[PDB]
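Colleague: can you look at this? It's an experimental structure, sequence on top.
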There are 4 protein chains.
Amino acid sequence: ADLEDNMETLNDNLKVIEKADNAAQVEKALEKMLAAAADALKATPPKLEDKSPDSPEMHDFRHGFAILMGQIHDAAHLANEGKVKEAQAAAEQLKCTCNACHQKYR
Amino acid sequence: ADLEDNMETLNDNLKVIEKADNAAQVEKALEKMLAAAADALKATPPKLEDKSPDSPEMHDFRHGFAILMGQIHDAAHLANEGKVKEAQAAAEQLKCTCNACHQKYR
Amino acid sequence: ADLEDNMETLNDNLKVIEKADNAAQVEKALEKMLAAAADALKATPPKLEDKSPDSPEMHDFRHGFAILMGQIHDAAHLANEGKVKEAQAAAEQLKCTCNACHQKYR
Amino acid sequence: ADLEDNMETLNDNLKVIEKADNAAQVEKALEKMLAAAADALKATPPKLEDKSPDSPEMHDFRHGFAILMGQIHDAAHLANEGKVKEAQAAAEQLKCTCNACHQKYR
Ligand code: HEM
Ligand code: HEM
Ligand code: HEM
Ligand code: HEM
Ligand SMILES: [Zn+2]
Ligand SMILES: [Zn+2]
Ligand SMILES: [Zn+2]
Ligand SMILES: [Zn+2]
Ligand SMILES: [Zn+2]
Ligand SMILES: [Zn+2]
Ligand SMILES: [Zn+2]
Ligand SMILES: [Zn+2]
Ligand SMILES: [Zn+2]
Ligand SMILES: [Zn+2]
Ligand SMILES: [Zn+2]
Ligand SMILES: [Zn+2]
Ligand SMILES: [Zn+2]
Ligand SMILES: [Zn+2]
């Protein structure tokens, strides 16, 4: 997928995570978000469409996804040990990373 | 140090990080926060003073610091590669972890 | 790319990292490995070609790359702060993760 | 505790993890190792007893424990989701970090 449709996947599964009932559902959504994030890693955002692959802006852009994946990874562990409530909270806490990247490059 | 004084160290160095000018200063403050966090790992918070070392609440309490240290660790790398602005932002993004723990156990 | 060619990229850049001279070269190789790893995340290995997307084997398979990317992510920070020698060592220490996965699913 | 007796705790619990039978036992040992590692964070190793708190050697020394804790943290999650065998393997995979630090500063 491309950046935008990777972003919609993150956003739609985050939504699924909010209104989830059991652990299994959070894990699946988390997994999908992890894949989306992985796929976004290699994209160039319009705001830096001019700028080169090797610019400090693109390194920092790629870094944001590094953070995001690590966060999803951990949240998924919480899902896998049955701890639904804290998984959902960890998912909520992702927004701090989403917004940080948007603010700079969106 | 004790829990409370560990907490004040985190809070005071976070404040130092906000109003910092160069990379070196952020790194030092970050380092101090990392130490404070490490020290807090083993404390029992008043709200769980009743509860045992092995309760799922104390595991989740200890887990919060595991998150926090990892976050500081990464933010410090940013400080060490001269990237002041993004280090400061990563420091701000810690607040999501602070508040998450306060909410449950403070 | 496909799994095999993703694997050769990891292996060839690891080799580049061994015999590197400056920081910039390690960072580039590390970046490439990170991308390769991200790409591998979604593959099904022949040994589990029978088994479903949702099997505990495929979860543990995906988990191995989650580890690997996090490790590359940190090693790259070391590359970015000029610390060549320790970056190279962190790269060598990846082999423990490579071999762990091979052992089970290769 | 001091460095040496922190090191014996890591080593004795690693031993406990090898010869463990159930998940609960691995988790406890892992927890103890996490605490030991946290406690070691602030020590000065004899080989750098001369050198200052702020030397690049002491930063790299402290970094090694950052890596180690993150690794234990993840291994403990595996313990907490009942996956004994892979927890034990993750514990084994710690040795790559132990040895890396010994080699440079022991
Ligand atoms: C769970 C985390 C996140 C969610 C839910 C999320 C959600 C979204 C949504 C809904 C959009 C609008 C897409 C459009 O322009 O049509 C978007 C755009 C974007 N996001 Fe995210 N996002 C997340 C994380 C991130 C991160 C970590 C980065 C960068 C490191 C990032 C960079 C962007 C960029 C650059 C755009 C603009 C895409 C474009 O217009 O071409 N986002 N995001
Ligand atoms: C940058 C991160 C954090 C900051 C700035 C912070 C700050 C503080 C502050 C200012 C207090 C109140 C001090 C007082 O007047 O007594 C406090 C209390 C507390 N914090 Fe944090 N905190 C952070 C992270 C955490 C985390 C991760 C946890 C748990 C995992 C935690 C658990 C607590 C608890 C339990 C108290 C209550 C202590 C008491 O009542 O004596 N905090 N924190
Ligand atoms: C630096 C890290 C790694 C390196 C250098 C590496 C290297 C390789 C190499 C050289 C091959 C054989 C290529 C061929 O002749 O077909 C291979 C195959 C494989 N690797 Fe890795 N690998 C790494 C990490 C991983 C990880 C983390 C996993 C799983 C989570 C994994 C799973 C596999 C599998 C399943 C195969 C078999 C592919 C096939 O038979 O087509 N590897 N790897
Ligand atoms: C699970 C991981 C590890 C185990 C099992 C382990 C085990 C040990 C043991 C058994 C000793 C001998 C203590 C003595 O001198 O009497 C030791 C020493 C030492 N270890 Fe570790 N170690 C680990 C990780 C680390 C790490 C990550 C570092 C540094 C980043 C480190 C630094 C040292 C140092 C500096 C000494 C020498 C202490 C001294 O002589 O004053 N070790 N370790
Ligand atoms: Zn795509
Ligand atoms: Zn949608
Ligand atoms: Zn799943
Ligand atoms: Zn965790
Ligand atoms: Zn204390
Ligand atoms: Zn420093
Ligand atoms: Zn980072
Ligand atoms: Zn591909
Ligand atoms: Zn680069
Ligand atoms: Zn690091
Ligand atoms: Zn001590
Ligand atoms: Zn002993
Ligand atoms: Zn326990
Ligand atoms: Zn994990």
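Modeller: Yep, it's here. Residues are numbered from 1 along each chain as shown, chains lettered A, B, ... in the order given. Ligands and ions are numbered 1, 2, ... in the order given.

Colleague: the helix or strand hosting residue A:79: which residues count as buried?
Modeller: When elements are assigned from DSSP states H and E, residue A:79 belongs to helix A:56-80. Of all the residues in helix A:56-80, those buried under the rule 16 or more other Cβ atoms under 10 Å in any protein chain shown are A:58-80. Heads up, the C-betas are built off the backbone N, CA and C, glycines and all.

Colleague: check the offset of that helix from the chain's centre.
Modeller: 7 Å (Cα atoms, centre = their mean, to the nearest Å).

Colleague: repeat for stretch A:44-61
Modeller: With Cα atoms, centre = their mean, you get 19 Å for stretch A:44-61.

Colleague: repeat that for stretch A:27-34.
Modeller: 9 Å.

Colleague: just give the nearest non-adjacent residue to residue A:7, would you?
Modeller: residue A:40 (7.4 Å; Cβ to Cβ, 6 or more residues apart in numbering or on different chains).

Colleague: returning to what we had before: which elements pack onto the helix holding residue A:79?
Modeller: helix A:23-40, helix A:84-93, helix A:95-105, helix B:56-80, helix C:23-40, helix C:56-80, helix D:56-80 (3 or more Cβ pairs under 8 Å, 6 or more residues apart in numbering or on different chains; DSSP states H and E).

Colleague: get me the contact residues on chain A for chain D.
Modeller: A:74, A:77-78, A:80-81 (Cβ under 8 Å from any Cβ of the partner chain).

Colleague: nearest to ligand 7, out of the helices and strands packed on helix A:56-80?
Modeller: helix A:23-40 (4.5 Å; Cβ to the ion).

Colleague: tell me which parts of chain A are close to ligand 5?
Modeller: Residues of chain A lying close to ligand 5 by Cβ under 5 Å from the ion are A:1, A:39.

Colleague: for ligand 3, find the nearest of the helices and strands packed on helix A:56-80.
Modeller: Comparing those against ligand 3 with Cβ to the nearest ligand atom, the closest turns out to be helix C:56-80 (2.8 Å).

Colleague: and for the residue nearest to residue A:7, the neighbour number?
Modeller: Residues lying near residue A:40 (other Cβ atoms under 10 Å in any protein chain shown) number 26.

Colleague: would you mind measuring from it to residue A:2?
Modeller: Distance, residue A:40 to residue A:2, using Cβ to Cβ, to the nearest Å: 9 Å.

Colleague: find the closest residue to chain B in chain A.
Modeller: residue A:96 (4.1 Å; Cβ to the nearest Cβ).

Colleague: list the contacts of that residue.
Modeller: In this structure, residue A:96 makes contact with B:93, B:95-96, judged by Cβ atoms under 8 Å, 6 or more residues apart in numbering or on different chains.

Colleague: now residue A:79
Modeller: Applying Cβ under 8 Å, 6+ apart, the residues near residue A:79 are A:23-24, A:26-27, A:30, A:87.

Colleague: looking at these, which is nearest ligand 17?
Modeller: Of the contacts of residue A:79, the one sitting nearest to ligand 17 (Cβ to the ion) turns out to be residue A:87, at 19.0 Å.

Colleague: count of neighbours near that closest one?
Modeller: Neighbour number of residue A:87 under other Cβ under 10 Å is 25.

Colleague: so who does the residue in chain A positioned nearest to ligand 4 touch?
Modeller: When distances are taken as Cβ to the nearest ligand atom, chain A reaches nearest to ligand 4 at residue A:70, 20.5 Å away. Contacts for residue A:70 (Cβ under 8 Å, 6+ apart) come out as B:70, C:70, C:73.

Colleague: equivalent analysis for residue A:82, please.
Modeller: Taking Cβ under 8 Å, 6+ apart, one finds residue A:23 in contact with residue A:82.

Colleague: quick one: what helix or strand has it in it?
Modeller: With DSSP H and E as criterion, residue A:82 is part of no helix or strand.

Colleague: who are the contact partners of residue A:46?
Modeller: Residue A:46 neighbours (Cβ under 8 Å, 6+ apart): none.

Colleague: relative to chain D, how far out is the one residue in chain A that gets nearest to ligand 10?
Modeller: Closest contact between chain A and ligand 10, by Cβ to the ion, is at residue A:63 (20.9 Å). To chain D, residue A:63 is 17 Å away according to Cβ to the nearest Cβ, to the nearest Å.
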